[PDB]
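The next block is coords_31.cif, given as mmCIF, C-alpha atoms and all ligand atoms.
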```
data_start
loop_
_atom_site.label_atom_id
_atom_site.label_comp_id
_atom_site.auth_asym_id
_atom_site.auth_seq_id
_atom_site.Cartn_x
_atom_site.Cartn_y
_atom_site.Cartn_z
CA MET Q 1 16.41 -12.78 -10.71
CA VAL Q 2 13.45 -11.52 -8.70
CA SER Q 3 12.16 -8.01 -9.36
CA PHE Q 4 9.85 -5.58 -7.55
CA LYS Q 5 8.55 -3.30 -10.36
CA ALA Q 6 5.06 -4.44 -11.48
CA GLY Q 7 3.09 -5.91 -8.60
CA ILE Q 8 -0.37 -6.15 -7.14
CA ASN Q 9 -1.71 -6.02 -3.59
CA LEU Q 10 -3.31 -8.90 -1.67
CA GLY Q 11 -5.47 -6.75 0.59
CA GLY Q 12 -8.38 -8.25 2.49
CA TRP Q 13 -6.64 -11.57 3.19
CA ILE Q 14 -4.69 -11.33 6.47
CA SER Q 15 -5.24 -7.58 6.63
CA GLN Q 16 -8.58 -5.77 6.67
CA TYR Q 17 -10.25 -9.19 6.86
CA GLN Q 18 -14.05 -9.15 7.31
CA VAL Q 19 -14.08 -11.61 10.21
CA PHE Q 20 -11.10 -13.34 11.79
CA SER Q 21 -11.77 -16.88 10.57
CA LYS Q 22 -9.74 -19.86 9.35
CA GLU Q 23 -12.19 -20.51 6.53
CA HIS Q 24 -11.51 -17.00 5.26
CA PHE Q 25 -7.74 -17.24 5.72
CA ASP Q 26 -7.55 -20.64 4.01
CA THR Q 27 -9.71 -19.78 0.99
CA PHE Q 28 -9.36 -16.05 0.13
CA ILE Q 29 -5.87 -16.53 -1.27
CA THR Q 30 -4.67 -19.95 -2.39
CA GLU Q 31 -1.82 -20.98 -4.73
CA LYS Q 32 -4.15 -20.68 -7.72
CA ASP Q 33 -4.22 -16.90 -7.19
CA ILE Q 34 -0.42 -16.53 -7.07
CA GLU Q 35 -0.27 -18.63 -10.21
CA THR Q 36 -2.84 -16.38 -11.95
CA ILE Q 37 -0.86 -13.29 -10.93
CA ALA Q 38 2.33 -14.98 -12.16
CA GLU Q 39 0.85 -15.96 -15.51
CA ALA Q 40 -0.35 -12.36 -15.88
CA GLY Q 41 3.22 -11.05 -15.84
CA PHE Q 42 3.43 -9.35 -12.45
CA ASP Q 43 6.85 -9.82 -10.80
CA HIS Q 44 5.80 -9.58 -7.16
CA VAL Q 45 2.92 -9.26 -4.69
CA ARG Q 46 2.48 -6.94 -1.73
CA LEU Q 47 1.07 -8.64 1.31
CA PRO Q 48 -0.39 -6.44 4.03
CA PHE Q 49 -0.95 -8.10 7.36
CA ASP Q 50 -2.54 -6.82 10.56
CA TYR Q 51 -0.66 -7.65 13.74
CA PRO Q 52 -3.46 -9.70 15.45
CA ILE Q 53 -3.00 -12.66 13.11
CA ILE Q 54 0.54 -12.83 14.52
CA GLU Q 55 0.25 -11.53 18.11
CA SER Q 56 -2.57 -11.11 20.62
CA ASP Q 57 -2.70 -8.11 22.95
CA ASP Q 58 -2.89 -10.41 26.00
CA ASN Q 59 0.11 -12.74 25.79
CA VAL Q 60 2.22 -10.13 24.05
CA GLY Q 61 5.34 -11.88 22.78
CA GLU Q 62 3.93 -15.28 21.89
CA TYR Q 63 3.78 -15.41 18.11
CA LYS Q 64 0.97 -17.44 16.60
CA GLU Q 65 2.36 -20.13 14.31
CA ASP Q 66 -1.14 -20.43 12.89
CA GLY Q 67 -0.99 -16.85 11.61
CA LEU Q 68 2.61 -17.09 10.45
CA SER Q 69 1.74 -20.16 8.37
CA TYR Q 70 -0.14 -17.92 5.91
CA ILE Q 71 2.87 -15.70 5.35
CA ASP Q 72 5.09 -18.80 5.05
CA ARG Q 73 2.91 -20.49 2.48
CA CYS Q 74 2.59 -17.27 0.46
CA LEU Q 75 6.37 -17.05 0.43
CA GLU Q 76 6.45 -20.64 -0.86
CA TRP Q 77 3.90 -19.95 -3.60
CA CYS Q 78 5.93 -16.89 -4.64
CA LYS Q 79 9.23 -18.76 -4.62
CA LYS Q 80 7.57 -21.40 -6.80
CA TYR Q 81 6.39 -18.85 -9.37
CA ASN Q 82 9.48 -16.61 -9.08
CA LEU Q 83 7.61 -13.68 -7.63
CA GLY Q 84 8.88 -11.26 -5.00
CA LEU Q 85 6.91 -10.57 -1.85
CA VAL Q 86 6.78 -7.28 0.03
CA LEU Q 87 5.59 -8.12 3.56
CA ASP Q 88 3.79 -5.08 4.84
CA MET Q 89 2.58 -4.40 8.38
CA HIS Q 90 -0.72 -2.58 7.75
CA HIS Q 91 -1.92 -2.41 11.32
CA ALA Q 92 0.71 -2.05 14.08
CA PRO Q 93 0.25 -2.43 17.84
CA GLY Q 94 -1.76 0.55 19.04
CA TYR Q 95 -1.61 1.99 15.52
CA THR Q 102 -6.85 6.76 18.78
CA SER Q 103 -3.43 5.33 17.88
CA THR Q 104 -1.35 4.81 21.01
CA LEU Q 105 1.73 3.49 19.20
CA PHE Q 106 3.65 6.76 19.37
CA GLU Q 107 2.48 7.47 22.90
CA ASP Q 108 2.95 4.06 24.51
CA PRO Q 109 6.55 2.71 24.58
CA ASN Q 110 5.07 -0.76 25.18
CA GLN Q 111 3.33 -0.63 21.80
CA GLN Q 112 6.63 0.54 20.41
CA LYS Q 113 8.49 -2.37 22.00
CA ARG Q 114 5.99 -4.90 20.59
CA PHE Q 115 6.28 -3.29 17.14
CA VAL Q 116 10.06 -3.66 17.06
CA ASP Q 117 9.89 -7.17 18.49
CA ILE Q 118 7.53 -8.38 15.80
CA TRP Q 119 9.97 -7.12 13.16
CA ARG Q 120 12.96 -8.65 14.99
CA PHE Q 121 11.09 -11.94 15.04
CA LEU Q 122 10.23 -11.84 11.32
CA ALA Q 123 13.75 -10.86 10.33
CA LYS Q 124 15.05 -13.95 12.14
CA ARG Q 125 12.32 -16.19 10.81
CA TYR Q 126 13.10 -15.40 7.17
CA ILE Q 127 16.89 -15.00 7.52
CA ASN Q 128 17.65 -17.61 4.83
CA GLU Q 129 15.31 -16.09 2.23
CA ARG Q 130 17.51 -13.58 0.41
CA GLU Q 131 15.76 -12.89 -2.92
CA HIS Q 132 12.00 -13.19 -2.63
CA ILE Q 133 11.04 -11.12 0.37
CA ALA Q 134 11.25 -7.48 1.44
CA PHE Q 135 9.86 -5.81 4.54
CA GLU Q 136 7.62 -2.73 4.65
CA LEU Q 137 7.69 -1.52 8.26
CA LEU Q 138 4.54 0.53 8.71
CA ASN Q 139 1.80 1.20 6.21
CA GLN Q 140 0.64 4.81 6.43
CA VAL Q 141 1.41 6.99 9.46
CA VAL Q 142 -0.77 9.99 10.36
CA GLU Q 143 1.02 12.35 12.72
CA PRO Q 144 1.27 16.16 13.34
CA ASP Q 145 4.87 15.75 12.20
CA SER Q 146 7.46 13.06 11.46
CA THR Q 147 9.43 13.43 14.72
CA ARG Q 148 8.00 10.42 16.55
CA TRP Q 149 7.73 8.06 13.59
CA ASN Q 150 11.35 8.90 12.69
CA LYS Q 151 12.36 7.88 16.17
CA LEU Q 152 10.46 4.61 16.02
CA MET Q 153 11.66 3.93 12.49
CA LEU Q 154 15.34 4.42 13.30
CA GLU Q 155 15.04 2.02 16.28
CA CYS Q 156 13.28 -0.54 14.07
CA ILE Q 157 15.90 -0.32 11.30
CA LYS Q 158 18.67 -0.63 13.92
CA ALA Q 159 16.99 -3.67 15.46
CA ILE Q 160 16.61 -5.41 12.09
CA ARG Q 161 20.18 -4.63 11.03
CA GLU Q 162 21.55 -6.49 14.07
CA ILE Q 163 20.01 -9.68 12.69
CA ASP Q 164 20.02 -9.07 8.90
CA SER Q 165 22.32 -6.45 7.36
CA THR Q 166 21.09 -6.77 3.77
CA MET Q 167 17.34 -7.21 4.08
CA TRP Q 168 15.57 -4.66 1.82
CA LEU Q 169 13.39 -2.40 3.94
CA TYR Q 170 10.54 -0.30 2.51
CA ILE Q 171 10.08 2.93 4.41
CA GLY Q 172 7.21 5.35 3.97
CA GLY Q 173 6.49 8.79 5.34
CA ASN Q 174 3.88 10.69 7.34
CA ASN Q 175 0.26 11.25 6.32
CA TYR Q 176 -0.41 7.92 4.58
CA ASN Q 177 3.00 7.63 2.91
CA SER Q 178 2.43 10.87 1.03
CA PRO Q 179 4.97 11.61 -1.70
CA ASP Q 180 5.74 15.00 -0.19
CA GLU Q 181 6.39 13.66 3.30
CA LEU Q 182 9.41 11.71 2.14
CA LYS Q 183 11.47 14.85 2.65
CA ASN Q 184 10.53 14.77 6.35
CA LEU Q 185 12.02 11.30 7.09
CA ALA Q 186 15.28 10.97 9.08
CA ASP Q 187 18.42 10.32 7.11
CA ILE Q 188 18.94 6.59 7.07
CA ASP Q 189 22.52 5.85 6.11
CA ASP Q 190 21.76 2.43 4.67
CA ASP Q 191 22.09 0.90 1.19
CA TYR Q 192 19.13 -1.45 1.50
CA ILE Q 193 16.26 1.03 1.77
CA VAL Q 194 13.49 1.74 -0.76
CA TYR Q 195 11.30 4.78 -0.22
CA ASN Q 196 7.56 4.18 -0.43
CA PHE Q 197 4.64 6.47 -1.28
CA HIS Q 198 0.96 5.85 -2.03
CA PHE Q 199 -0.84 7.56 -4.92
CA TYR Q 200 -4.61 8.09 -5.24
CA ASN Q 201 -4.73 11.54 -6.95
CA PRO Q 202 -7.30 12.97 -7.80
CA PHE Q 203 -9.02 11.72 -4.64
CA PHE Q 204 -12.55 12.46 -5.80
CA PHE Q 205 -11.96 10.52 -8.96
CA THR Q 206 -10.09 7.49 -7.44
CA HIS Q 207 -12.52 7.41 -4.48
CA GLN Q 208 -15.73 8.64 -6.06
CA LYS Q 209 -18.65 7.45 -3.96
CA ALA Q 210 -16.29 5.62 -1.56
CA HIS Q 211 -18.70 4.36 1.11
CA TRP Q 212 -16.02 4.78 3.76
CA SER Q 213 -15.15 8.37 2.83
CA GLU Q 214 -17.49 10.91 4.42
CA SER Q 215 -16.50 13.80 2.16
CA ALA Q 216 -16.67 11.48 -0.88
CA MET Q 217 -20.02 10.03 0.17
CA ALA Q 218 -21.37 13.51 0.87
CA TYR Q 219 -20.16 14.78 -2.55
CA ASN Q 220 -21.67 11.63 -4.09
CA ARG Q 221 -20.61 12.49 -7.61
CA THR Q 222 -19.48 10.43 -10.58
CA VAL Q 223 -16.29 11.82 -12.15
CA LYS Q 224 -14.58 10.98 -15.46
CA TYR Q 225 -10.91 11.03 -16.41
CA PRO Q 226 -9.67 12.99 -18.20
CA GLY Q 227 -12.24 15.55 -17.14
CA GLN Q 228 -12.93 17.91 -14.31
CA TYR Q 229 -14.80 18.16 -11.04
CA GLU Q 230 -18.35 19.43 -11.43
CA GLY Q 231 -20.77 21.07 -9.08
CA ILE Q 232 -18.19 21.75 -6.38
CA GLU Q 233 -19.52 25.31 -5.90
CA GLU Q 234 -23.09 24.07 -5.66
CA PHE Q 235 -22.00 21.28 -3.33
CA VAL Q 236 -20.21 23.60 -0.88
CA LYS Q 237 -23.21 25.97 -0.90
CA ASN Q 238 -25.33 23.09 0.41
CA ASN Q 239 -22.67 21.63 2.69
CA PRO Q 240 -20.57 24.45 4.19
CA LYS Q 241 -18.74 21.79 6.26
CA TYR Q 242 -16.79 20.80 3.18
CA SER Q 243 -15.95 24.37 2.33
CA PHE Q 244 -12.28 23.37 1.96
CA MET Q 245 -13.34 21.57 -1.22
CA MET Q 246 -13.89 24.97 -2.83
CA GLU Q 247 -10.24 24.97 -3.90
CA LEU Q 248 -10.98 21.92 -6.08
CA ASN Q 249 -13.69 23.84 -7.91
CA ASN Q 250 -13.54 23.13 -11.66
CA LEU Q 251 -10.16 21.41 -11.30
CA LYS Q 252 -9.15 19.75 -14.59
CA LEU Q 253 -8.12 16.11 -14.21
CA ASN Q 254 -5.47 15.06 -16.69
CA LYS Q 255 -1.97 13.57 -16.97
CA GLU Q 256 -0.17 16.81 -16.22
CA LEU Q 257 -2.21 16.90 -13.00
CA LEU Q 258 -0.87 13.46 -12.09
CA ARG Q 259 2.72 14.49 -12.95
CA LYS Q 260 2.43 17.54 -10.70
CA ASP Q 261 1.39 15.40 -7.69
CA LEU Q 262 4.26 12.97 -8.30
CA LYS Q 263 6.84 15.78 -8.42
CA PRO Q 264 7.58 15.82 -4.65
CA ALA Q 265 8.84 12.21 -4.88
CA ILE Q 266 10.89 12.89 -8.00
CA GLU Q 267 12.57 15.85 -6.31
CA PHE Q 268 13.30 13.88 -3.13
CA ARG Q 269 15.04 11.24 -5.22
CA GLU Q 270 17.17 13.90 -6.96
CA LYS Q 271 18.75 14.72 -3.61
CA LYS Q 272 18.83 11.25 -1.98
CA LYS Q 273 19.68 9.39 -5.22
CA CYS Q 274 17.56 6.56 -3.76
CA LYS Q 275 15.07 3.92 -4.99
CA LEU Q 276 11.37 4.78 -4.99
CA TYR Q 277 8.32 2.53 -4.83
CA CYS Q 278 4.59 3.24 -4.96
CA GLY Q 279 3.05 0.51 -2.84
CA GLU Q 280 -0.55 1.46 -3.49
CA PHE Q 281 -2.34 3.23 -6.30
CA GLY Q 282 -5.73 2.59 -7.86
CA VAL Q 283 -9.26 3.56 -8.85
CA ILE Q 284 -12.43 2.39 -7.10
CA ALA Q 285 -14.07 -0.32 -9.20
CA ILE Q 286 -17.38 1.54 -9.59
CA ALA Q 287 -15.82 4.29 -11.77
CA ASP Q 288 -16.64 4.02 -15.45
CA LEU Q 289 -14.37 1.47 -17.14
CA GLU Q 290 -12.91 3.83 -19.75
CA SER Q 291 -11.86 6.38 -17.08
CA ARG Q 292 -10.52 3.66 -14.81
CA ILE Q 293 -8.32 2.27 -17.57
CA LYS Q 294 -7.20 5.73 -18.67
CA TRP Q 295 -6.04 6.70 -15.18
CA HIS Q 296 -3.93 3.53 -14.74
CA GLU Q 297 -2.46 3.90 -18.22
CA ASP Q 298 -1.48 7.53 -17.56
CA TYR Q 299 -0.11 6.74 -14.10
CA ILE Q 300 1.76 3.56 -15.10
CA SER Q 301 3.17 5.67 -17.92
CA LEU Q 302 4.69 8.13 -15.44
CA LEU Q 303 6.15 5.35 -13.21
CA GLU Q 304 7.72 3.85 -16.31
CA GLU Q 305 9.07 7.27 -17.31
CA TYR Q 306 10.70 7.89 -13.95
CA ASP Q 307 11.62 4.26 -13.28
CA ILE Q 308 9.50 3.72 -10.19
CA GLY Q 309 8.15 0.31 -9.25
CA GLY Q 310 4.85 -0.24 -7.54
CA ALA Q 311 1.86 -2.31 -6.67
CA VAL Q 312 -1.73 -1.66 -7.70
CA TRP Q 313 -4.59 -1.83 -5.17
CA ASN Q 314 -6.21 -4.36 -5.25
CA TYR Q 315 -6.13 -8.01 -6.52
CA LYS Q 316 -9.68 -8.94 -5.55
CA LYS Q 317 -12.46 -7.40 -3.45
CA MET Q 318 -11.71 -4.30 -1.32
CA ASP Q 319 -13.77 -2.13 -3.78
CA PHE Q 320 -10.72 -1.70 -6.04
CA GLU Q 321 -10.74 -5.13 -7.67
CA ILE Q 322 -8.63 -5.92 -10.70
CA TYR Q 323 -9.86 -9.54 -10.76
CA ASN Q 324 -13.27 -11.12 -10.30
CA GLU Q 325 -13.63 -13.78 -7.65
CA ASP Q 326 -13.30 -16.44 -10.38
CA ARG Q 327 -9.72 -15.25 -11.12
CA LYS Q 328 -10.69 -13.58 -14.38
CA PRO Q 329 -9.59 -9.98 -14.86
CA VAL Q 330 -12.21 -7.22 -14.89
CA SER Q 331 -10.46 -5.91 -18.02
CA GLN Q 332 -7.64 -7.68 -19.81
CA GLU Q 333 -6.30 -4.40 -21.23
CA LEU Q 334 -6.11 -3.14 -17.66
CA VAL Q 335 -4.06 -6.17 -16.53
CA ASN Q 336 -1.73 -5.72 -19.50
CA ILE Q 337 -1.09 -2.10 -18.61
CA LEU Q 338 -0.48 -3.06 -14.95
CA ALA Q 339 1.99 -5.95 -15.60
CA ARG Q 340 4.18 -3.52 -17.56
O1 LIG U 401 -10.71 0.09 5.70
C1 LIG U 401 -11.03 1.27 4.97
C2 LIG U 401 -11.07 0.98 3.46
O2 LIG U 401 -9.72 0.79 2.96
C3 LIG U 401 -9.60 0.68 1.52
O3 LIG U 401 -8.23 0.46 1.13
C4 LIG U 401 -7.33 1.54 1.41
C5 LIG U 401 -5.90 1.07 1.78
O4 LIG U 401 -5.82 -0.01 2.71
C6 LIG U 401 -5.23 2.31 2.40
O5 LIG U 401 -3.91 1.86 2.77
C7 LIG U 401 -5.36 3.63 1.44
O6 LIG U 401 -5.22 4.85 2.16
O7 LIG U 401 -6.63 3.73 0.73
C8 LIG U 401 -7.17 2.50 0.20
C9 LIG U 401 -8.40 2.82 -0.63
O8 LIG U 401 -9.24 3.67 0.12
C10 LIG U 401 -10.43 -0.43 0.90
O9 LIG U 401 -10.40 -0.31 -0.51
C11 LIG U 401 -11.88 -0.33 1.43
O10 LIG U 401 -12.62 -1.45 0.96
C12 LIG U 401 -11.90 -0.26 3.03
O11 LIG U 401 -13.21 -0.23 3.61
#
```

What is this structure when it is put down as structure tokens?
Amino acid sequence: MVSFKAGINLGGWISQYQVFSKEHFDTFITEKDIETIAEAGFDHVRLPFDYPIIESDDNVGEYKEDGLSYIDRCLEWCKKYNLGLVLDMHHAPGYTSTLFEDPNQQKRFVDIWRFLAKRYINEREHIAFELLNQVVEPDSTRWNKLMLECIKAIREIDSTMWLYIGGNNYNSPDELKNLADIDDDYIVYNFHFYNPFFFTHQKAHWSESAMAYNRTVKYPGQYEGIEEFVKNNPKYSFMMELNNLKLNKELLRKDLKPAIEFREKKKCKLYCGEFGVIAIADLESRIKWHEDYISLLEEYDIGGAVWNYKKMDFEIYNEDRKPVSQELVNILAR
């Protein structure tokens, strides 16, 4: 029995890689990592991949066996340690995202999934597919169209492959209600969870509003100096609504509600593919958030995967495969 309830992400390997290099690809994640994860009690890993390791924009259609080898070996390592694997396309063709504008990008997208479905057709227990990681559109109309075509295409080849489908605006829990009705029994609905953003992403070097705010935040606790911050930076005036907001478990439960309600109606399976706290947050707060959040997922029977195994500013493990906090790993392995 393979399960997909308590996992961890493998970001930074064949997705969001620093430089496209074999050295990186061959050493960032090796079997020793999958073993560590397995010994820790996680039941699966989420593997984001960016299209270019599989297909080049020039000779569109020729799939690189050198890139695929990494996914293959990871599947082997997982099979060996009885872990599940959620293969996730993090960066699609064209997705300044032309994917929903250019039918050619759409064709390539579907073809890559058709290829993978065929390639792993004999693996029935250890792998699941996550079509597109985070969409950011005015509305769900175009993604719904692309998604339905992709599901259709995959079903022609594999009728029982579990597919993980997320909604608009970074797989937001309240955008699930805007997805097209997929009449299919092998679908799991995905949503990401990083609430409260200024706590989970405090001082995030890649977040302009978070870098501008440049404020340490505790949890439980509350946002401080928002009023004084907006005064100085009228550009982030929208942040005024977060003024003195109290961060606590009931706050987290309120943000999760949209997903819970969607499931009431669809009677479907939910999954939170990404959730976490930037590693520079004080340890006590960081542990407390995960404990509170994991607690809610347990309560509502939702599986998920914490961001991130190593590196990517959200590390759970040091580069020497030792956890940053053992109590944290225990909470996360459920
Ligand atoms: O590349 C930007 C930034 O991404 C960070 O990870 C993301 C994750 O991939 C994304 O799906 C979600 O919306 O947010 C997380 C956390 O911001 C990663 O942690 C950074 O190192 C990276 O620079």

Each residue of region 91-168 of chain Q with at least one atom at most 9 Å from region 185-197 of chain Q should appear once, together with its nearest atom pair and the corresponding distance in Å (one decimal); atoms considered: all atoms listed in the file; ordering: chain, then increasing residue number; output as CSV.
```
residue,atom,partner,partner_atom,distance
Q:136,CA,Q:196,CA,8.6
Q:140,CA,Q:197,CA,8.8
Q:146,CA,Q:185,CA,6.6
Q:147,CA,Q:185,CA,8.3
Q:149,CA,Q:185,CA,8.4
Q:150,CA,Q:186,CA,5.7
Q:151,CA,Q:186,CA,8.3
Q:153,CA,Q:186,CA,8.6
Q:154,CA,Q:188,CA,7.5
Q:157,CA,Q:188,CA,8.7
Q:165,CA,Q:192,CA,8.3
Q:166,CA,Q:192,CA,6.1
Q:167,CA,Q:192,CA,6.6
Q:168,CA,Q:192,CA,4.8
```

Return as JSON, numbers by chain the residues of protein, DNA or RNA that approach ligand LIG 401 (chain U) to within 8 Å, with all atoms listed in the file taken into account. {"Q": [11, 16, 90, 139, 140, 176, 198, 200, 207, 210, 211, 212, 280, 282, 284, 313, 314, 317, 318, 319, 320]}

Have a look at Q:179, Q:40, Q:316, Q:209 and name the one nearest to residue 332 (chain Q); count all atoms listed in the file.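 Using all atoms listed in the file, residue 332 (chain Q) sits closest to Q:40.
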
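Non-sequential neighbours of residue 22 (chain Q) (distance at most 12 Å, separation of 5 or more positions within a chain, all atoms listed in the file) are residues 13, 14, 17, 27, 28, 29, 53, 66, 67, 69 and 70 of chain Q.
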
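Interatomic distance, CA of residue 72 (chain Q) to CA of residue 325 (chain Q): 23.2 Å.
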
I need the residue nearest residue 245 (chain Q) from this list: Q:49, Q:106, Q:268, Q:204. Use only C-alpha atoms for the distance. Q:204

Please tell me which residues are no farther than 12 Å from (-10.6, -4.6, -19.0) in the file, counting all atoms listed in the file, and write them as a PyMOL selection string. chain Q and resi 285+288-294+296-297+321-324+328-338

Write out the residues from the selection above, keeping C-alpha atoms, as a PDB file, in the coordinates of the input.
```pdb
ATOM      1  CA  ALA Q 285     -14.070  -0.320  -9.200  1.00  0.00           C
ATOM      2  CA  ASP Q 288     -16.640   4.020 -15.450  1.00  0.00           C
ATOM      3  CA  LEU Q 289     -14.370   1.470 -17.140  1.00  0.00           C
ATOM      4  CA  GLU Q 290     -12.910   3.830 -19.750  1.00  0.00           C
ATOM      5  CA  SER Q 291     -11.860   6.380 -17.080  1.00  0.00           C
ATOM      6  CA  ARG Q 292     -10.520   3.660 -14.810  1.00  0.00           C
ATOM      7  CA  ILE Q 293      -8.320   2.270 -17.570  1.00  0.00           C
ATOM      8  CA  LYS Q 294      -7.200   5.730 -18.670  1.00  0.00           C
ATOM      9  CA  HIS Q 296      -3.930   3.530 -14.740  1.00  0.00           C
ATOM     10  CA  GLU Q 297      -2.460   3.900 -18.220  1.00  0.00           C
ATOM     11  CA  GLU Q 321     -10.740  -5.130  -7.670  1.00  0.00           C
ATOM     12  CA  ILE Q 322      -8.630  -5.920 -10.700  1.00  0.00           C
ATOM     13  CA  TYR Q 323      -9.860  -9.540 -10.760  1.00  0.00           C
ATOM     14  CA  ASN Q 324     -13.270 -11.120 -10.300  1.00  0.00           C
ATOM     15  CA  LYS Q 328     -10.690 -13.580 -14.380  1.00  0.00           C
ATOM     16  CA  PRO Q 329      -9.590  -9.980 -14.860  1.00  0.00           C
ATOM     17  CA  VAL Q 330     -12.210  -7.220 -14.890  1.00  0.00           C
ATOM     18  CA  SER Q 331     -10.460  -5.910 -18.020  1.00  0.00           C
ATOM     19  CA  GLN Q 332      -7.640  -7.680 -19.810  1.00  0.00           C
ATOM     20  CA  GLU Q 333      -6.300  -4.400 -21.230  1.00  0.00           C
ATOM     21  CA  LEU Q 334      -6.110  -3.140 -17.660  1.00  0.00           C
ATOM     22  CA  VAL Q 335      -4.060  -6.170 -16.530  1.00  0.00           C
ATOM     23  CA  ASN Q 336      -1.730  -5.720 -19.500  1.00  0.00           C
ATOM     24  CA  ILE Q 337      -1.090  -2.100 -18.610  1.00  0.00           C
ATOM     25  CA  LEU Q 338      -0.480  -3.060 -14.950  1.00  0.00           C
TER      26      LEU Q 338
END
```

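Using only C-alpha atoms, the nearest neighbour of residue 89 (chain Q) within the list Q:30, Q:15, Q:301, Q:128 is Q:15.
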
Could the centre and edge lengths of an axis-aligned box, enclosing all atoms of region 186-192 of chain Q in the file with 6 Å extra on each side, be given in Å to one decimal as JSON?
```
{"center_x": 18.9, "center_y": 4.8, "center_z": 5.1, "size_x": 19.2, "size_y": 24.4, "size_z": 19.9}
```

Have a look at Q:142, Q:78, Q:303, Q:1 and name the one nearest to residue 105 (chain Q); count only C-alpha atoms. Q:142
